[PDB]
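>>> pasting an experimental structure, sequence included:
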Amino acid sequence: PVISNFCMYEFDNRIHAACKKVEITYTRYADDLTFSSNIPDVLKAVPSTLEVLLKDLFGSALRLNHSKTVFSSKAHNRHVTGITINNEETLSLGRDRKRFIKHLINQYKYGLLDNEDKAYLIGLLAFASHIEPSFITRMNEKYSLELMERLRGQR
Amino acid sequence: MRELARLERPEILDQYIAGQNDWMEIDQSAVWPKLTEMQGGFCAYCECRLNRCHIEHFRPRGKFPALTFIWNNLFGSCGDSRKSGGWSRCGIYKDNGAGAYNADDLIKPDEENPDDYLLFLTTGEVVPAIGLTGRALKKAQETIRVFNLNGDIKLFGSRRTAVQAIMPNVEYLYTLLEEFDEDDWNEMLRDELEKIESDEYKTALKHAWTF
Amino acid sequence: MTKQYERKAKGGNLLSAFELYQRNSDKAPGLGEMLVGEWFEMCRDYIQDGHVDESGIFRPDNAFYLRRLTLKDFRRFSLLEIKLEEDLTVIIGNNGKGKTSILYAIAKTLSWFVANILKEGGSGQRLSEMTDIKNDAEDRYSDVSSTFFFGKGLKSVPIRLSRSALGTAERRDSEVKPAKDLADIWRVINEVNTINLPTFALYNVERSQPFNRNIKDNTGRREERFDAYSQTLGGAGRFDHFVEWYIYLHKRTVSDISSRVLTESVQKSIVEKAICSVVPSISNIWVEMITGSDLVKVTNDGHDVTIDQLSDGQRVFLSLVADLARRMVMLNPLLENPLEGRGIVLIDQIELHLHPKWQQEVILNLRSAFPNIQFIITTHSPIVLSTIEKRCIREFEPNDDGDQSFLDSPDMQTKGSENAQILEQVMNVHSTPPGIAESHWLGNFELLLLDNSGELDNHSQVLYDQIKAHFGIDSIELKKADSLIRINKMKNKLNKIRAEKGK
RNA sequence: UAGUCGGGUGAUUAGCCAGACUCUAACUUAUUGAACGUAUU
Ligand SMILES: Nc1ncnc2c1ncn2[C@@H]1O[C@H](COP(=O)(O)OP(=O)(O)O)[C@@H](O)[C@H]1O
Ligand SMILES: [Zn+2]
């Protein structure tokens, strides 16, 4: 991990320098470059810059995956490395995963959840508390605080 | 083309200095309101309704960087390079397509009169005005070639079918000169002329109606 | 593990459900089953579910179509991207712009689906290392990436076909595993319980070859269901196979007397109705067995004629429609209307050999006969475009060198528009030829009347006489010429009554 | 209109209700390793 992070220090530096001037923010989760901007029609020129910079730096060894270059906007689904970005500009787990968690909690309410799926739900609710804290409060309202306390951590 | 009248220079233009500050820095949303009053949402070179539009510099910044932040060299032209390059007409064609032109050989709609330098035939083709000789004819031909007024089929065909769309109207109005008295026919001509102001091609239709 | 697959499958994931089914099946008397009755039933219901909409057409719940195509260093394209529509996509442009290249790439991609439907681990067609790599590319390899949609449970099926140039040390592999997985799902589910299979067809320029009934020992069995995939992406649909299949159907129908009703008669009737409805001139088709070689006869404009006496244009279109109808009928046995099955059909130059009268209705007839088929079509005609929505058109700029990233739709609505307008705007072609000197005569006239003062003189009268002699009296050109004459004689009597009072 | 976002109800991954968005334009992915959250500690 650290070797791969260092091998793209110059790539990250050049991309960030050339990308912040056009008002585009750039990140990389070590294999997955993310660009976003509030200015329309400026991201369409980024993949060519990425390709030419990769050729300049790594030659032919490192290259983009042209089948994995995805454009998106508020008209479509928006998720960055597993977290859905709402139309309200807030982080979320997505409607489908939040309904899945609701189904799991409802199953636990009636004692239809075995040990393995109970552990999976406690793990997923820890992750949900990390990503979307308001979901925990909403589930406390929906499924009562006592039931959530019995499932989640008690000490 | 159509005559363009100016107003006060926008207050954000003088806040920037040519040379030190590049053009891609400026905020266009503010230079545009002033380029919309002057043009009425129509191109300054072909009189097409501006659905895809960009700020055009009459003197290119590459050759003449000095006139980069000067309300007089600014213009509103159709097409958009930011929305992909599918435009062989007007400003984009002047900067990219035609090439090998002199800026003093192109009529400026800002100051020079386009009516006496260009004639719009009802067949949809613009030709230099009758009786033009010397530098005026050369300027008209250079403008027509560089701005591609005759050229890409999209503009020529749209302008032609715009002019021939009102040919029955022109025939019907002008065939009733003897039926109507001078004042009523005169006011009908004004009524017809002032409602083509909102129409797309300002001067092609105007040439077809008037005198 | 098992539980992750169960969580995904109960959420609607087709791949996870199939993985669970295959695993649980493996244990024959162990955990799982034969129709796993949870996992196999969910897979088959995913493939087979659908409802009849308000118009009477069956619509699958999870449609199958091609979403996106990326071409990297393929023929003339450095990097091209297309966003094909679900129902109809029409690619237009000049000659040598790459429409046939796009259809060829899509067909090469679909050949893997066909091959893995036919056989387990079957190998489809591959890109050529002699002509498909861009000649002036630096990398010396080409890619053809595709993404397929098969409902919400399988939203992306990425497949990439790659080939390195001849004499290159480093070779490039093809990522064809997801297509193999989807076709494995189709084939395995079909084996246990018959399901409707997709139809993949390519109709290139390679069609329209002469047709003689020279196919007797043709080796293969045309009744066999999986014969509908034989040479289905070669470019020329097997019309001889259709003739043999039709004669087989006729023999089985005339030699016969779950409901004691022959399904061969139903198939024959469906194909007959499709052929008669799509092809304009053909009204009825049958098989004659007296004069005891088998012959197929059609009614062309009220005259009973044989299948080899059709013209080039009524025989090519008939071959296309008949082949498509046969394959759809054979691949969709459980559908009430087999032509409502899903699939992808590529047609190159749909207006081939067709009169302008036939071009006004070919698209509508094809889409009415096959409503769930994704048609990807190229054309050289404004008449075909006038019957097609603007959003379905992907145009090539007239000054493209292959370095365009994304193909787009025109800015002008083409449906219901006049042919001259579509020619001028969409196709970038003058309505009146520019190379003919007689085409500039009306404009050259105007000038003469304006070079003077709206008034006829010697040379303007000479030009008007020339226009009279060439175009004629009833021609529109003379109508506009005399309209201009009358008008300019009128705006000058006006000018007269004005300058006189203006001094 | 689609498509997307997701606040609520719903023995609950489904169905429904309310609200909202629309650069030509998401497709939800990977461990035991790395880091993050959580629990023992
Ligand atoms: N390997 C290649 N390198 C470069 N150009 C190619 C290559 N293969 C084909 N072309 C070009 O691509 C075009 C192919 O035409 P085609 O795809 O059939 O277009 P259309 O459907 O418009 O007739 C031609 O203009 C040809 O010169
Ligand atoms: Zn213009």
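It's in. Numbering: from 1, shown residues only, chains lettered A, B, ... in the order given. Ligands and ions are numbered 1, 2, ... in the order given.

>>> show the backbone phi and psi for residue B:46.
Main-chain torsions, residue B:46, degrees, to the nearest 10: phi -120, psi 0.

>>> mind checking which helix or strand the residue lying farthest from the centre of chain B is in?
Here chain B reaches farthest from its C-alpha mean at residue B:179, the gap being 36.7 Å by Cα atoms, centre = their mean. Using DSSP states H and E, residue B:179 sits in no helix or strand.

>>> ok, how many other residues are close to the residue of the stretch 301-450 of chain C found nearest chain A?
The stretch 301-450 of chain C approaches chain A most closely through residue C:405 (7.3 Å), counting by Cβ to the nearest Cβ. Every C-beta, even on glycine, is put in place using the N, C-alpha and C of the backbone. Residue C:405 has 15 neighbours, counted by other Cβ atoms under 10 Å in any protein chain shown.

>>> which ones are touching it?
Residues near residue C:405 by Cβ atoms under 8 Å, 6 or more residues apart in numbering or on different chains: A:44, C:79-81.

>>> in PyMOL, select just the buried ones from those.
Listed next is the PyMOL selection for buried residues among these, using 16 or more other Cβ atoms under 10 Å in any protein chain shown:
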select buried, chain C and resi 79+80+81
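
>>> of the contacts of residue C:405, closest to residue A:100?
Of all the contacts of residue C:405, residue C:81 has the smallest distance to residue A:100: 33.6 Å, by Cβ to Cβ.

>>> which residues does that closest one bridge with?
Going by DSSP bridges, residue C:81 is paired in beta bridges with residue C:70, residue C:406.

>>> for it, list the residues it contacts.
By Cβ under 8 Å, 6+ apart, the residues touching residue C:81 are C:68-71, C:405-407.

>>> please redo it, this time with the cut-off set to 10 Å
Applying Cβ atoms under 10 Å, 6 or more residues apart in numbering or on different chains to residue C:81 gives the contacts A:47, A:66, A:69, A:71, C:68-72, C:145, C:404-407.

>>> among the residues you listed, which ones are buried?
Counted by 16+ other Cβ under 10 Å, the contacts of residue C:81 give A:47, A:66, C:68-72, C:145, C:404, C:407 as buried.

>>> could I get these as TSV with distance to residue C:192?
Compiled in TSV, those are given as follows (distance: Cβ to Cβ, whole Å):
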residue	distance to residue C:192
A:47	44
A:66	38
C:68	32
C:69	33
C:70	36
C:71	38
C:72	39
C:145	33
C:404	47
C:407	42
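
>>> filter the residues you listed to keep only those in contact with ligand 1.
Here nothing survives when the buried ones among the contacts of residue C:81 are matched to ligand 1 using Cβ under 6 Å from any ligand atom.

>>> may I see the contacts of residue C:81 organised as CSV, with distance to residue A:32 added?
Shown next, in CSV, are the contacts of residue C:81 (distance: Cβ to Cβ, whole Å):
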residue, distance to residue A:32
A:47, 14
A:66, 15
A:69, 11
A:71, 15
C:68, 19
C:69, 23
C:70, 18
C:71, 24
C:72, 20
C:145, 18
C:404, 27
C:405, 21
C:406, 22
C:407, 27
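
>>> report the longest helix in the chain, please.
Looking at chain A here, since you left the chain open. If you go by DSSP state H, chain A has its longest helix at helix A:115-131.

>>> not what I meant, chain C
Counting by DSSP H, the longest helix found in chain C is helix C:476-499.

>>> neighbours of residue A:64, how many?
Residue A:64 has 12 neighbours, counted by other Cβ under 10 Å.

>>> against residue C:335, how distant is it?
Between residue A:64 and residue C:335 the distance is 43 Å, computed by Cβ to Cβ, to the nearest Å.

>>> ok, now residue C:440?
Relative to residue C:335, and taking Cβ to Cβ, residue C:440 is found at 58 Å.

>>> same thing with residue C:448?
Applying Cβ to Cβ, the value for residue C:448 to residue C:335 is 68 Å.

>>> quick one: the helices in chain B, in order.
Under the criterion DSSP H, chain B contains helices at B:28-31, B:33-37, B:90-92, B:135-146, B:153-163, B:167-174, B:182-194, B:202-209.

>>> looking at those, which is buried most?
Comparing the helices of chain B by mean neighbour count (mean count of other Cβ atoms under 10 Å in any protein chain shown), helix B:90-92 ranks first with a mean of 24.

>>> do any residues in that one lie close to ligand 2?
Yes - counting by Cβ under 5 Å from the ion, ligand 2 has neighbours in helix B:90-92: residue B:90.

>>> that helix and chain A in contact?
No - Helix B:90-92 lies apart from chain A when judged by Cβ under 10 Å from any Cβ of the partner chain; the minimum separation is 15.5 Å.

>>> can you list the helices and strands that that helix packs against?
For helix B:90-92, the packing partners by 3 or more Cβ pairs under 10 Å, 6 or more residues apart in numbering or on different chains; DSSP states H and E come out as strand B:53-57, strand B:74-78.

>>> assign residue C:146 to helix, strand or coil.
Per DSSP: H, G, I helix; E, B strand; the rest coil, the secondary structure class of residue C:146 is strand.

>>> contacting residues around it?
If you count contacts by Cβ under 10 Å, 6+ apart, residue C:146 has them with A:67, C:66-71, C:82, C:84, C:105-106, C:108-110, C:112, C:157-161, C:178-179.

>>> same thing but at 6 Å, please
Contact analysis of residue C:146 by Cβ atoms under 6 Å, 6 or more residues apart in numbering or on different chains lists C:69, C:109, C:159.

>>> make a markdown table out of the helices of chain B and add distance to residue B:116.
Shown next, in a markdown table, are the helices of chain B (distance: least, Cβ to Cβ, whole Å):
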| stretch | distance to residue B:116 |
| --- | --- |
| helix B:28-31 | 30 |
| helix B:33-37 | 24 |
| helix B:90-92 | 21 |
| helix B:135-146 | 8 |
| helix B:153-163 | 20 |
| helix B:167-174 | 22 |
| helix B:182-194 | 18 |
| helix B:202-209 | 12 |
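
>>> between the ones you listed, which one is nearest to residue C:118?
With Cβ to Cβ, the closest approach to residue C:118 among the helices of chain B belongs to helix B:153-163: 48.2 Å.

>>> give me the residues contacting that closest one.
Helix B:153-163 is contacted by residues B:46, B:89, B:122, B:124, B:201, B:204, B:208, C:424-425, C:428, C:430 when judged by Cβ under 6 Å, 6+ apart.

>>> on the three-state scheme, residue C:15 is what?
Secondary structure, three-state DSSP: residue C:15 is helix.

>>> from residue C:147, how far out is it?
From residue C:15 to residue C:147 the distance is 15 Å (Cβ to Cβ).

>>> host element of residue C:376?
Residue C:376 is part of strand C:373-378, with elements assigned from DSSP H and E.

>>> okay, that strand in PDB with CA atoms only?
Once non-C-alpha atoms are left out, strand C:373-378 reads as follows in PDB (Å, rounded to 0.1, in the frame of the first residue of the first chain):
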ATOM      1  CA  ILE C 373     -35.600  -6.000 -30.200                       C
ATOM      2  CA  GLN C 374     -32.900  -3.400 -29.800                       C
ATOM      3  CA  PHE C 375     -32.200  -2.200 -33.300                       C
ATOM      4  CA  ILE C 376     -28.800  -0.700 -34.100                       C
ATOM      5  CA  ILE C 377     -29.000   0.600 -37.700                       C
ATOM      6  CA  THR C 378     -27.000   2.700 -40.100                       C
END
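
>>> for the residue of chain B found nearest chain A, phi and psi?
Relative to chain A, the nearest point of chain B is residue B:82 (4.8 Å; Cβ to the nearest Cβ). Phi and psi for residue B:82, reported as degrees, to the nearest 10, are phi -70, psi -20.
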